[PDB]
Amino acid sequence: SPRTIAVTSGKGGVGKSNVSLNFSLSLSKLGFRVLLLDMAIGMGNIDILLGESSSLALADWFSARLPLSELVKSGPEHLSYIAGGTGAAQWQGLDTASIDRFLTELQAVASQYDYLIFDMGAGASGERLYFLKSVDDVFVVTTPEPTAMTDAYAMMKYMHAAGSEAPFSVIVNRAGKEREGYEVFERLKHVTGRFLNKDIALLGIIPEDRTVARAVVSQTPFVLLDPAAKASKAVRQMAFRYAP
């Protein structure tokens, strides 16, 4: 059966979507079959980062009983994905019931992949914390800024309070120096272990790199736009270390 990963964060602006897509693409390149799901319904960024014209999206599954398998889009390197959507006139969100049915139709087309990767909406919500208790791995993205780190810790506290028992792995992104990344992680590891009795791990450290910004403007993922960039190697390396 496929391994499920949810990528999350304390707050937006930590590069969580960029990490999700570029980590998924690295997994694809190693030869795995990956389905990436943009769980930001009506506010999805996965399509934009690939520079793909908006077409059918998850929000459409909410709105026409269309089966999930027809939402599945092909991306570079054999990556499959499902977009969050541009939405209709009015706002639409997920509740626990609709989350439930979604998970059901998902396993119907899940068995094909080695990995199912969920790009979660940033931060916490009742419905998001509900979704997160089922996954095998929870990735938590943070940067070295105090706001991002404080919010990452809160997020881990809430997922834990809401009975998530999944292993938490930290991705320290936008690190200035490699030591700085380890020290961000030590701080988070200290507070989670002492206050929550929760032992977390470091998935990897991604440096601050202009290539990322360049990749976003040009709408071409950085691991593909420049595989030799520092961030690109850091993410390829993270994926390699994660995979068996």
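Numbering starts at 1 and runs along the sequence shown.
The question of which stretch, 170-178 or 101-109, has the higher mean Cα B factor is settled in favour of 101-109. Remark: stretch with higher mean C-alpha B factor among 205-213 and 64-72 is 64-72. Note on 96, 143, 150, 80: the highest value goes to 96, judged by CA B factor as recorded. Looking at 59, 34, 49, 37, the one whose CA carries the top B-factor in the deposited record is 59. Among the modelled residues of the chain, residue 27 sits in the lowest third by CA temperature factor in this PDB entry. Among all modelled residues in its chain, residue 41 ranks in the highest third by Cα B-factor.
When all modelled residues of the chain are sorted by CA temperature factor, residue 194 is found within the highest third. Per-chain ranking of the deposited C-alpha B factor places residue 122 in the middle third. Per the PDB record, residue ranking by Cα B-factor puts residue 89 in the highest third of the chain.
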